[PDB]
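One file, my_file.txt, carrying compact mmCIF, C-alpha atoms:
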# COMPACT_ATOMS: atom_id res chain seq x y z
CA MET A 1 0.00 0.00 0.00
CA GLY A 2 1.57 3.29 -1.20
CA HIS A 3 -0.77 5.12 1.24
CA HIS A 4 1.69 4.61 4.19
CA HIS A 5 4.77 6.68 3.13
CA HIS A 6 6.63 9.86 4.23
CA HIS A 7 3.91 12.55 3.87
CA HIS A 8 5.71 15.05 6.18
CA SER A 9 8.78 15.26 3.88
CA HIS A 10 9.70 17.77 1.11
CA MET A 11 9.09 16.89 -2.57
CA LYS A 12 12.60 15.56 -3.47
CA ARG A 13 12.42 17.54 -6.77
CA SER A 14 9.98 15.00 -8.32
CA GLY A 15 11.89 11.70 -8.72
CA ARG A 16 14.41 10.46 -11.35
CA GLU A 17 16.07 12.94 -13.76
CA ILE A 18 15.66 11.83 -17.42
CA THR A 19 16.48 13.39 -20.82
CA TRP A 20 13.87 14.74 -23.33
CA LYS A 21 14.75 11.98 -25.89
CA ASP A 22 14.18 9.20 -23.22
CA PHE A 23 10.87 10.88 -22.25
CA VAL A 24 9.58 10.81 -25.87
CA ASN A 25 10.53 7.21 -26.77
CA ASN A 26 9.94 5.28 -23.49
CA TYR A 27 6.95 7.33 -22.09
CA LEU A 28 5.21 9.97 -24.31
CA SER A 29 4.82 7.82 -27.49
CA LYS A 30 3.72 4.85 -25.27
CA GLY A 31 0.66 6.85 -24.00
CA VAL A 32 1.68 6.13 -20.33
CA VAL A 33 1.95 9.93 -19.73
CA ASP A 34 -1.19 11.71 -18.43
CA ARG A 35 0.09 15.32 -18.26
CA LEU A 36 3.25 17.48 -18.10
CA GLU A 37 3.31 19.60 -14.93
CA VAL A 38 5.93 22.38 -15.25
CA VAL A 39 6.98 22.74 -11.56
CA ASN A 40 8.28 26.25 -10.56
CA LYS A 41 9.09 26.66 -14.34
CA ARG A 42 12.54 25.12 -13.46
CA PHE A 43 11.63 21.65 -14.75
CA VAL A 44 8.71 19.51 -15.95
CA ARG A 45 7.35 16.47 -14.09
CA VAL A 46 6.30 13.57 -16.31
CA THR A 47 2.98 12.57 -14.75
CA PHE A 48 2.06 8.92 -15.34
CA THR A 49 -1.57 7.91 -16.04
CA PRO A 50 -3.25 6.94 -12.61
CA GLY A 51 -2.79 3.11 -12.65
CA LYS A 52 0.62 2.61 -14.38
CA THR A 53 2.79 3.87 -11.45
CA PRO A 54 1.65 5.04 -7.90
CA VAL A 55 3.18 8.02 -5.97
CA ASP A 56 5.66 5.41 -4.58
CA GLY A 57 6.14 4.31 -8.27
CA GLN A 58 8.51 7.33 -8.38
CA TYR A 59 7.68 9.85 -11.14
CA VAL A 60 10.34 11.10 -13.58
CA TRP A 61 11.25 14.69 -14.60
CA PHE A 62 13.58 16.81 -16.80
CA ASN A 63 15.02 20.38 -16.55
CA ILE A 64 13.92 22.79 -19.29
CA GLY A 65 15.14 26.25 -18.15
CA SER A 66 13.64 27.84 -21.29
CA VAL A 67 9.87 27.08 -20.83
CA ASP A 68 9.27 28.48 -24.38
CA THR A 69 11.72 25.95 -25.93
CA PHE A 70 9.97 23.06 -24.03
CA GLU A 71 6.55 24.09 -25.44
CA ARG A 72 7.70 24.65 -29.10
CA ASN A 73 9.40 21.21 -29.09
CA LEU A 74 6.40 19.51 -27.38
CA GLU A 75 3.64 20.83 -29.78
CA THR A 76 5.88 20.01 -32.83
CA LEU A 77 6.64 16.55 -31.34
CA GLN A 78 2.91 15.86 -30.90
CA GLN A 79 2.03 16.84 -34.54
CA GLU A 80 4.98 14.59 -35.75
CA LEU A 81 3.82 11.53 -33.74
CA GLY A 82 0.22 12.12 -34.99
CA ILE A 83 -1.18 13.29 -31.61
CA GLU A 84 -4.69 14.82 -32.11
CA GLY A 85 -7.00 16.50 -29.49
CA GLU A 86 -7.60 13.20 -27.58
CA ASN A 87 -3.84 12.30 -27.24
CA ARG A 88 -2.78 15.97 -26.58
CA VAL A 89 -0.89 15.93 -23.26
CA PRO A 90 -2.23 18.76 -20.91
CA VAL A 91 0.52 21.21 -19.81
CA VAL A 92 -0.14 22.37 -16.20
CA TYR A 93 1.92 25.44 -15.19
CA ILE A 94 3.07 25.22 -11.54
CA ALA A 95 5.05 27.87 -9.57
CA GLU A 96 5.20 27.89 -5.74
CA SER A 97 7.28 30.83 -4.35
CA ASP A 98 8.34 28.36 -1.58
CA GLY A 99 10.76 26.67 -4.03

Serialized structure, structure tokens:
Amino acid sequence: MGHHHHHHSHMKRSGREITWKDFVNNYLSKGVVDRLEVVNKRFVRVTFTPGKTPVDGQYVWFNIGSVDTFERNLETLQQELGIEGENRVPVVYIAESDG
């Protein structure tokens, strides 16, 4: 049960640091990605579809720096891989001043 874990602990970034190319091939094109949550605009968390991996399943992430560059590449990437409205991966902008 992933319910009993360290709740009173800081978000250790997100999880495992991956590259954009690894993201595309092993996750994005496989449809196992639900959404891309851009946390504090520093990086993007690859959110897995609820069922594939739990919270304890340890989510993956990648640094972008240039949020603009991330978005241009993502929307191009989607139109290349034939992603239409249903497979379009929702981009959720996150920015807590705490981080």

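Closest approach to residue 40 of chain A among A:75, A:84, A:98, A:68 is made by A:98 (distances from all atoms listed in the file).
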
Dump as a PyMOL selection string all residues having an atom at most 8 Å from (0.9, 21.8, -27.9), computed in the file's coordinates with all atoms listed in the file. chain A and resi 71-72+74-76+78+88-89

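Each of A:51, A:27, A:56, A:41 was checked against residue 69 of chain A using only C-alpha atoms; the smallest atom-to-atom distance is that of A:41.
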
So which residues touch residue 20 of chain A within 7 Å, counting all atoms listed in the file, skipping near sequence neighbours fewer than 3 positions away, as a PyMOL selection string? chain A and resi 23-24+62

Listed atoms of segment 51-60 of chain A boxed axis-aligned with 5 Å per side, centre + edges as lines of an AutoDock Vina configuration file:
center_x = 3.8
center_y = 6.9
center_z = -9.5
size_x = 23.1
size_y = 18.5
size_z = 19.8

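Using all atoms listed in the file for every distance, the candidate list A:33, A:1, A:18, A:95 yields A:1 as the residue closest to residue 55 of chain A.
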
List as an MDAnalysis selection string the protein and nucleic acid residues near residue 57 of chain A, meaning an atom at most 12 Å away when only C-alpha atoms are counted, but skip any in the same chain fewer than 3 places from it. chainID A and resid 1:3 5 14:16 47:54 60

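Of note, atom CA of residue 77 of chain A and atom CA of residue 44 of chain A are spaced 15.8 Å apart.
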
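One distance worth recording is that between atom CA of residue 92 of chain A and atom CA of residue 4 of chain A, which is 27.1 Å.
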
From the list A:59, A:46, A:83, A:28, the nearest residue to residue 12 of chain A using only C-alpha atoms is A:59

Pick from A:91, A:80, A:45, A:38: nearest to residue 66 of chain A, with all atoms listed in the file counted? A:38

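Here atom CA of residue 39 of chain A is placed at a distance of 18.7 Å from atom CA of residue 7 of chain A.
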